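Here is the structure we will look at, set down as C-alpha cells.
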Amino acid sequence: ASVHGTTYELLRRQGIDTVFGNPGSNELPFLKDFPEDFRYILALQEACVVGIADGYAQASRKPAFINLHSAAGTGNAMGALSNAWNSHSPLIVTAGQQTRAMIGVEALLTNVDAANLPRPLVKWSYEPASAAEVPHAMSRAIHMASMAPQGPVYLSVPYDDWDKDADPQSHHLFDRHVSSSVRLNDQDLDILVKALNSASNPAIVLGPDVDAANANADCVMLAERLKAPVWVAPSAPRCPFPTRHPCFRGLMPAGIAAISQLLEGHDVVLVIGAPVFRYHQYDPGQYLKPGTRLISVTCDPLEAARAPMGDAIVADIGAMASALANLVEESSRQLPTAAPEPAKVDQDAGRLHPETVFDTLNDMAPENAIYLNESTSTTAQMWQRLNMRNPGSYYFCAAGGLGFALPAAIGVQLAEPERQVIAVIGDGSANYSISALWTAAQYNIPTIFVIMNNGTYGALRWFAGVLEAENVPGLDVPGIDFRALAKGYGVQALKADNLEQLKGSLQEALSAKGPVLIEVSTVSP
Amino acid sequence: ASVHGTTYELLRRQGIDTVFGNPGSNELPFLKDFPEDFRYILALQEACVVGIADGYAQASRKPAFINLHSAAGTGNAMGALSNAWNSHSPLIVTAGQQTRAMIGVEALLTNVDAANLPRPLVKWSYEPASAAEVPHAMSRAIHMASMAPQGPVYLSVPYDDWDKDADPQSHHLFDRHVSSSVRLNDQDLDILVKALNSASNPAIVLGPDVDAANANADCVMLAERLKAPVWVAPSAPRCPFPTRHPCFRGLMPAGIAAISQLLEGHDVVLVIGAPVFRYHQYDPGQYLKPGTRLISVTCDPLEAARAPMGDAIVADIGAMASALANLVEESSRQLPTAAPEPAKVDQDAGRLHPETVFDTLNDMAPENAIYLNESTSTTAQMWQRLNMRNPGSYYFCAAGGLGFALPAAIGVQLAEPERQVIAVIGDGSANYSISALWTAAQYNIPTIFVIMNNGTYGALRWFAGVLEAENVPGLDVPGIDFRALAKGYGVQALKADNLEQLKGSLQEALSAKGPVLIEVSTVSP
Amino acid sequence: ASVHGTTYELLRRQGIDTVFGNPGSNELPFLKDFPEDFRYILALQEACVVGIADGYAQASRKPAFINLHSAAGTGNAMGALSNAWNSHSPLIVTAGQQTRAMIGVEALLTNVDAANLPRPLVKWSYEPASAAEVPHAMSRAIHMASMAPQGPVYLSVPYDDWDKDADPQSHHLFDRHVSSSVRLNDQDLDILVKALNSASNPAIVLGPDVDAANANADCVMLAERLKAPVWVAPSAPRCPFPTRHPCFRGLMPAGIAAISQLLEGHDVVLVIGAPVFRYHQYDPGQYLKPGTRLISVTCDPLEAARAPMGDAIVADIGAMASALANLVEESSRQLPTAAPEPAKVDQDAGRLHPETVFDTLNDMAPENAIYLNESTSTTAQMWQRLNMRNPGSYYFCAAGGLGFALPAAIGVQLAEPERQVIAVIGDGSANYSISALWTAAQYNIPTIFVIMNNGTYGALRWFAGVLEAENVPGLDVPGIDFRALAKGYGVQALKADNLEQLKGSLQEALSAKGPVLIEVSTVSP
Ligand SMILES: Cc1ncc(C[n+]2c([C@@H](O)/C=C/c3cccnc3)sc(CCOP(=O)(O)OP(=O)(O)O)c2C)c(N)n1
Ligand SMILES: Cc1ncc(C[n+]2c([C@@H](O)/C=C/c3cccnc3)sc(CCOP(=O)(O)OP(=O)(O)O)c2C)c(N)n1
Ligand SMILES: Cc1ncc(C[n+]2c([C@@H](O)/C=C/c3cccnc3)sc(CCOP(=O)(O)OP(=O)(O)O)c2C)c(N)n1
Ligand SMILES: [Mg+2]
Ligand SMILES: [Mg+2]
Ligand SMILES: [Mg+2]
C-alpha cells in the first residue's frame, strides 16, 4: 500500500469523510486519486476554509479535516485557529510541505520551521521524519484533536511522501478507539453531590463545553432537581441551556465585580463546561463575595489551573453532567420563575433597531433554527430576544476573532441540513471572510445571512466611550454594497430598509431553496 | 510625558508618519488622540492591512508601521507575513494586548504567548515587561525591521501601558541613527574585482534586494563594464534590471538542472541580492557544471549559509553594487546583443490570450508604470512582454502566498502617486484579499486592477499535469462576477470579453481619476 | 560516498579537526570509523564538554565542533550555551537523534521537538528532513556559527542517517568560502573619521568582540592617535587592551549612572565591539550626560537595536578597527598618563587577601600568561592587579553562568600550548563543572587551577548587603576538600594557607609538567 492509500483508509476508519480545503501545489500529491467516498469542500481563502470546518465540527460534535497550502495558506488561517482554540474545536489541520529533497535549499513554498508556525493555537503540531511515519502521525493528529479538551492540531507533510510505500504495520492504527469519557471517582463524587444537596441557595453557571458534549438536557434536569437559577458564563461561544426555561437567567456580564455581585447570596455556585471566567471589560472588585463558594467542572486542565478562585474537577462534561443530574436529590424549594418577555422597543417606519430585528427573527424563524452572532454591539439584545429551545442553536467567535460567523454558518448548515441556519453579522464583520459566500452558492448550502448595516464599527465606538477615548481613527465603514458582494459570489440578495421590507425579505429567504443574504439598514449608534 | 506621547514622538523622529491598521478594543488607547501629523489607512481585514503596508514599504524603500488587534488580528495577517519575510520587507507590526491586570485570568482578547504567535516569520518578536519599557521596545522594533537583511518584526503592548508615565531618559531613543551600509574590506574587494576583470565569460544574476537597494543603475553599469549577460534569479519578487537593456536575458527557470545548463560555459557567475537559488520545481541535476564557479553577494546570512555552492559575501547590496560598478575594468569584449521582441500570438475575436493582454498593456501603459503579478500561470509571458525600464516596476508575492498583489498594489500606488500601478491578478488569486478594494475606493488611490478570468486555478492544473496527477478536486472557480465585487466595494468596474473591449477598457481606466477594475475573459487552459 | 564520509570530508575541508564530546548510543554511528586525522576530546559531563570547546574556540578564533547525546546531553549543556551566546562563541553543537523509524513512537532517547530544545541560546537550530540532507545541514551550521555575529548553532541527526548514501552534488559544499569581513562605506566612514578628528575630548570603550577579532593592536593605534582614554565595557568577558598602556582606564562599573558620570565631559564616546551596555546592578540615572554623544561599532544587529542611546554601525570589528586606526589624524593633544600601580594591601602570616593572590600571580606568572576568572567577589581587584599585555589574556563567563572557567581553561590551554593558563576560581564556582579536571589529567593539558577558598558565595553576600536582605539561606559552602577532588580526577594538588605557601605552591605549579590545582585559603568576607 502507498502512504496515500493507507492514510485515506485510516481517515475513513476513524469516521472522516470530508476534506475542507483550498488546494496548492504541495498538496496535489495528497489530493490526486481523491477517493470516491470522500467529499471535498472548496473555499476561496483559508480563514474561510477553517471557519467552515469549525462550524461543521462544532455542530456535528466530531472532528473535521482541513487541507491548506504550506506556510502562506496556514498563515491565512491563523485568526480562525485563534477562535477554534477557545471553542475547543476538534480540527485536524494538514498542510503540504516541499519535497524532502528541496527543503534544505529553502525552495519556494518550503514551510520553514513548520511545526512552530501555528503555535500557540494548537494542541499538537508536527512534521514526520520520514514518509512511512505519515499514517502514524496522522493517527496522532486525529486523537490529539478528539481527546478532551478537544482542539486544533497541525500536521505538515512533504509532498513526496504520499507515493512512498507504507509500513504494513500501519494497519494497527485503523480501528483504535481512544476514550476520555471520564468522571470523578465515587467517593469524591458523593462528597460533591452531598454539597449540592446541602446548599441553601445554589446557582449553576454553564459554558460552551456543555453544548459541545450535548449535556444540555442533563443540565436542565440538574437545575430542576436543585431548583437553581442557571446563567451562561460570560463571552459565551455557544448556548448550553433552553433560553425560555424557568431557571434561565441569561448571559453573565463579563466583569469581575459584576459577576460577584450577581452571585452574592448564593452559597454554592457550580460552574460546568466554562473557564472561570472569560471576563472582558475592566471591572475590578471581588472575585466572589463573602458567603459564596465556587466549584468548577471543566474538561481542560488549563482552565482549572488559571481560575482565580474555587475548587475544580477536570473531567468529561457529558459524563459529569449525566452523573450529577441522576444523583442529586429533588430539592423541596420552589422552582425558579421564568424571566419575563423582553419589551418591544418603539420602532418607526425608518431604519431598524436591532431589537426589532431579533424580535422579528424570533417571530418568523422555525423553532429549531440555529443562530450565529457576529453583530458585536447587539449581543445582549440577541440573547434576550431569541428563544433557543434546542442544543446547538448559537455560535459566536470564541476568541472574539471576526470572520468566523459567515463561514461557520455554512459549515453548521452542512452539518444540520434540516435546521435553518441564520447568521446575524455586522457590516464590519461581514468583510473579514466575505468570500465564504461563494462556497454556500457553489454547493447550494442554504444558509441565510442577515447583515446589520449601521455604517460603523459600533462596538468600538462603545468601548471608546467607556475609555473616554477621543479622536480615534478608522471606526467608520461607509460605502459597502452587500447586495453587490452577494451577487459577486452567486448568492441571492435582498435589502430591508424598514420593518415592512424586513418581514417581506425574511418570508422570501425562509422560502428560498438556496443561500440568501439580506442587507438590513439598522440605526446608527 | 506619557508612553503614548513618547512613542508617537519616537515614530515621527524616526520618519514614520502613517499607521496601516484594522482597529480593535486593545488598540483604542494607542489610537486615541491620534496625532494630526500622522495618517491612518484603514483596511477591512488584516491580510489586506499588511499587504498594503508591504507594497508601501517595498516601493518607498523605508519601514512601514502596522497596528492589528490582538491574536486574531495578528493571525489573520500571517500569510501576508510569510511573503514579507521572503521579500525582506521592513514592517513594524504592533498588536494590542489585554490590560496587564487581566492577562493572568486569560480574559477575552488576551494574546496568549504573544511573542511566539508570529514566529518563524519575523526577525524579532516581543512583549515588554512594563509600560515604561514600551518606547525602548518600539525603538528596537524600528531598528530590527530596518537593518539589513530587512524584514518584519512584532511588538505586543498591553492596552493600559499607553497612559502611564514614560521614562524621561527615553529621549535618547528619538534621534538614533543605525547603519548597516557596509561593504567588503579593501583587500578582499580587490581580490573579487581582479577575479571579475579576469573572467573570460562572466554572467550576472540579480535578485530582489537589488531593487530594494535601488542598486539597479549600478548593476547596469557593472554589466556594461563586464560585457556580461544579466538574468533575474528564479521566483523573482521584484525586477532588478531594465528588461530591454541589451544585456538582459530574462527570468531564470526555477530548477537546479535548468540553471546549471543555462550557466554552462560561464566561468564566473556573480549573484547579487538573491538567495542561491529560490528553486521551485523538482528538476534534479548538477548545481553548477564543470568550469563554472559562483560568487554570491547577499545581505542575509541565512541566504549565504544555505547556498549549496559558491563563495559568498554578506554585505549591503547598495554599497557593494556601487563599489563593484565603479572599480571593475571596462572589458574589451563586445556588448551582448539585445533579445529579440516576443512574437505576436494569433488572436481571434473571442476570449483573450494572456500574451495579447500583456502586449496590449505594454502598448498602452506609461513608460513609468508599475506592475504587479498574481496571475500564476502567465508569469513567463509577463516577463517577456512588458518593457520595465525603471526601478520599482514589478512585484510578485515573494513566498508564493496569494492575496498579496491586490492590497500591495494599493500600497505601491500610495507610495508612488505619479506612477500608474497596474495589478494583473488571476480570478482565483483575486479572492484572497478582495476586501482591499474598499481601501482604494475610500482613499481614492487610483490603482488599476486587471482580473484575468479563466475560471480555474490554472497553475495548479499545470503542476497536476507535470505530476501526472488525476482526479484532483477543487481546481475550478466558476461563478464569480468581479464587476459586482468591485461595485460592492465602491470601485468603478469594466469588462473586456475581446480585444476591442480590452483596448477600450484600458483607455477608459487609464483616463480615470480613481481606482478601476477590469474583468478580462481569458482563454481556458 | 556515505553521509558519514561526506560529512567528515566537509568538516576537514572547512578546517575542523577536533570533536569535543561525551558519547552516547544515538552518536555511535557518527563516531565509528573515526578518522585518523581527527582528535576526540572526552569530558565526563556536557557542561564540561561545551565549556572546553568554548575556551578552545574563543582562544583559537575559529569554530569548535561538539557532539552530545540526544536531549539529556544537550540539556546538561544549556547553561554553558547561555555563556557562549553572550560571548559570540562559534560553536557547532551536534546531537544524535533516534533512528527515523523509532521517532514516531517516541522510543527512549528520542529528542522530542529537538530544534526547539536549545532555543533561545542558538543562532540556528535544525533537524534535517532526510539523510542525504545531512551534509548540507552541517554546512549551514558551520557558516551560521562562523559568520558575524558569531555564536552557537545546533544540529540534530537521526542515527540511521550516517550510513545512507550521500548526494554526489554535496561536493560543492566542501570549499565554500563565506565572508562577513565588512566595513562602513567610504562616504559614511569619512564622516565618522572627521567626527573623531574633530572631537575635543574623545573617549574609547572596548568590548569582547575586539579581542575576538584580534583588533587589540589596532585599537592601541587608534587610542594613541586620538590621545584618548580607553575603558573596557562593563561585565567584560574578554580583555581587549593592554592593561598597563598609558591610555588604559580599567573596567567600567556596570551601572547606568556610574557610566554617564565617568563619561561626563567627553564629547564623543566611541564604543567598539561591545553591547551598549551590559549593565548589571540597579543604578538609575542618565544614560549619558549633556554634552556627550555616543557612537557604537558592533558586529551584532541585536546589540545595535537595543542600545538605549547613541548612533550605531553594524560591521566587522577587525575591519572597522583597522580602517579607523589607519585613517584618523594624529591629535596634537598630550597622550594620557598611565594609571598608577595599585597599592599593596597589608597581609599578615594567615589567610590570604585576594589582593595578595593577584599581586603574587602578577609577580610570578609569565608575561604571556592567560587568565581565567570565576572568583566572583574579586573581579575589580583582578583587573587592577594583573598586567595583561597581550591579546587573548582574560576570560570570564559572559552570561555570568558559573561552571565556565574550569573547563574553558582546559580548552584555552589546548588552543595555546605555549602560553601558561591560570584559572582563578572561587570555591563555590569550582563545583559546577568539577569533573572537567579529569580531561586535563587524561590529555595532560597543563592548566593551573587556583581555587580561592573563603567558604561562602561571597558575591551573593555582597549583593544581599546592597539589597539589605536578611535571613537568606544557602550562602555558605563549608566542608569541601579541593585537594581530594583533584586527586579524585588525577590532578596534582597543593594547598596554600599563607603567603609563604602560596609562593612555594606557585613555584612548584609553574615548574610542573601537567595540570596543577592549588587550594588557597582566602579571607572570609
Ligand atoms: C479579526 C478582528 N479584527 C478586528 C477586531 C476588532 N473589533 C472588535 C473587538 O475588538 C471587540 C470585540 C468584543 C469584545 C467583547 C465582546 N464582544 C466583542 S468589535 C469590531 C467591530 C465589528 O463591527 P460590526 O461587525 O459592524 O458590528 P457592530 O457595529 O455591531 O459593532 C472590531 C473591528 C476583531 N475583534 N477581530
Ligand atoms: C494563500 C495561498 N493559497 C493557495 C495557494 C495555492 N495556489 C498556487 C500555488 O501553490 C503555486 C504557486 C506557484 C509556484 C511557483 C511559481 N508560481 C506560483 S497557484 C494557485 C492558483 C491561482 O489561480 P489564479 O490566480 O486564477 O491564476 P492562474 O489561473 O493563472 O493560475 C493556487 C490556489 C497559494 N499559493 N497561496
Ligand atoms: C550557574 C550559576 N548558578 C548560580 C549562580 C549564582 N551566583 C552568582 C551570581 O548570581 C552573580 C554574579 C555576578 C553578577 C555581576 C558580576 N559578577 C557576577 S555569584 C555566586 C557565588 C560564587 O561563589 P564563589 O565562586 O565562591 O566566588 P566568591 O566567593 O568570590 O563570590 C553564585 C552562586 C550563577 N551565577 N550561575
Ligand atoms: Mg456595524
Ligand atoms: Mg485563473
Ligand atoms: Mg567563595
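Note on naming: letters A, B, ... go to the chains in the order of the sequence lines (proteins, then strands), and numbering restarts at 1 for each one.
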Closest approach of [X] to [Y] (non-hydrogen atoms, all atoms of both residues):
X	Y	answer
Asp300(B)	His88(B)	OD2-NE2, 2.7 Å
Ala365(B)	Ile422(B)	CB-CD1, 3.9 Å
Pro354(B)	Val523(B)	CD-CG2, 3.9 Å
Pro202(B)	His266(B)	O-ND1, 3.6 Å

Do [X] and [Y] have side chains that approach each other closer than 4.5 Å (heavy atoms only, starting at C-beta)?
X	Y	value
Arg176(C)	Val178(C)	yes
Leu196(B)	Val268(B)	yes
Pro29(A)	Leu467(B)	yes
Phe463(B)	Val472(B)	no
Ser200(B)	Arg333(B)	no
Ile103(A)	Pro158(A)	yes
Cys247(B)	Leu335(B)	yes
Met252(B)	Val232(B)	no

Quick one: does any side-chain atom of [X] pair with a main-chain N or O of [Y] as donor and acceptor, under 3.5 Å?
X	Y	result
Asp427(B)	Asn453(B)	no
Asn86(B)	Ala398(B)	yes
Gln98(A)	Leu109(A)	no
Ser375(B)	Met452(B)	no
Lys123(C)	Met147(C)	yes
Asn362(B)	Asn387(B)	yes
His171(C)	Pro168(C)	yes
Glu374(B)	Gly403(B)	yes
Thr243(B)	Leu386(B)	yes
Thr356(B)	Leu352(B)	no

Looking only at side-chain N and O atoms, does [Y] offer a donor or acceptor that is under 3.5 Å from a partner on [X]?
X	Y	value
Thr456(B)	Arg461(B)	yes
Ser70(A)	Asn111(A)	no
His172(C)	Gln286(B)	no
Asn22(A)	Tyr432(B)	yes
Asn116(A)	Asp113(A)	yes
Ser87(B)	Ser89(B)	yes

Gap separating the [atom1] atom of [X] from the [atom2] atom of [Y], nearest 0.5 angstrom:
X	Y	atom1	atom2	answer
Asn454(B)	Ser377(B)	CG	OG	5.5 Å
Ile259(B)	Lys289(B)	CD1	NZ	13.0 Å
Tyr394(B)	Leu251(B)	OH	CG	7.0 Å
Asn76(A)	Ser82(B)	CG	OG	7.5 Å
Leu81(B)	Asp54(B)	CG	CG	8.5 Å
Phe404(B)	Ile52(B)	CZ	CD1	11.5 Å

Between [X] and [Y] (salt bridge meaning N to carboxylate O under 4.0 Å), is one present in this structure?
X	Y	result
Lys344(B)	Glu355(B)	no
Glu106(A)	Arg140(C)	yes
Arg238(B)	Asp209(B)	no
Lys32(A)	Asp163(A)	yes

Please assess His353(B) against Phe358(B) for the test ring pair (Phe, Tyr, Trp, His ring centres under 6.0 Å), listing each intermediate value before the final yes or no. CA-CA 9 Å; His353(B) 291 282; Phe358(B) 294 121; over 10 Å; no
Between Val269(B) and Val205(B), does a side-chain contact (heavy atoms from CB on, under 4.5 Å) hold up when you go through it step by step? CA-CA 7 Å; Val269(B) 174; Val205(B) 177; 3.9 Å; yes
Show the numbers, then the answer: is there a side-chain contact (heavy atoms from CB on, under 4.5 Å) between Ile204(B) and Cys219(B)? CA-CA 9 Å; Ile204(B) 295 170; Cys219(B) 290; 5.9 Å; no
Apply ring pair (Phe, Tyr, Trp, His ring centres under 6.0 Å) to the pair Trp124(C) and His143(C), showing each step before the final yes or no. CA-CA 10 Å; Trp124(C) 186 66; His143(C) 297 305; over 10 Å; no
Evaluate side-chain contact (heavy atoms from CB on, under 4.5 Å) for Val271(B) paired with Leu294(B), printing each intermediate quantity in order. CA-CA 7 Å; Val271(B) 186; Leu294(B) 182 152; 3.8 Å; yes
Parallel, tilted or perpendicular: ring planes of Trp383(B) versus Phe248(B), cut at 30 and 60 degrees: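 Rings of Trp383(B) and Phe248(B): parallel, as their planes differ by under 30°.
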With a 6.0 Å cut-off (strictly less than), is the heavy-atom count around OH of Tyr282(B), excluding the residue itself, greater than 12?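 No, not enclosed.
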Could you tabulate the donor-acceptor pairs under 3.5 Å formed by side-chain atoms of residues 128-138 of chain C, not counting sequence neighbours?
from: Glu133(C); atom 1: OE1; to: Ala129(C); atom 2: N; distance (Å): 2.9
from: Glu133(C); atom 1: OE2; to: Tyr126(C); atom 2: OH; distance (Å): 2.5
from: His136(C); atom 1: NE2; to: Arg306(B); atom 2: O; distance (Å): 2.8

Does the pair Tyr395(B) and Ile370(B) meet the rule for a side-chain contact (heavy atoms from CB on, under 4.5 Å), with working shown? CA-CA 8 Å; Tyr395(B) 303 88; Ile370(B) 298 169; 3.9 Å; yes
Before you tell me yes or no, could you show the steps for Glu127(A) and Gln97(A) under side chain to side chain donor-acceptor pair (under 3.5 Å), namely the whole-Å CA-CA distance, both residues' side-chain angles and the distance that decides it to 0.1 Å? CA-CA 9 Å; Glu127(A) 183 172 289; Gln97(A) 172 65 281; 2.9 Å; yes
Using a 3.5 Å cut-off and no angle test, enumerate the donor-acceptor pairs between side-chain atoms of residues 311-322 of chain B and protein atoms at least two apart in sequence or in another chain.
from: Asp311(B); atom 1: OD1; to: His177(C); atom 2: N; distance (Å): 2.9
from: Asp316(B); atom 1: OD2; to: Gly318(B); atom 2: N; distance (Å): 3.1
from: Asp316(B); atom 1: OD2; to: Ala319(B); atom 2: N; distance (Å): 2.8

Please step through side chain to side chain donor-acceptor pair (under 3.5 Å) for the pair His245(B) and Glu224(B), ending with a clear verdict. CA-CA 10 Å; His245(B) 188 277; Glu224(B) 292 174 349; 2.8 Å; yes
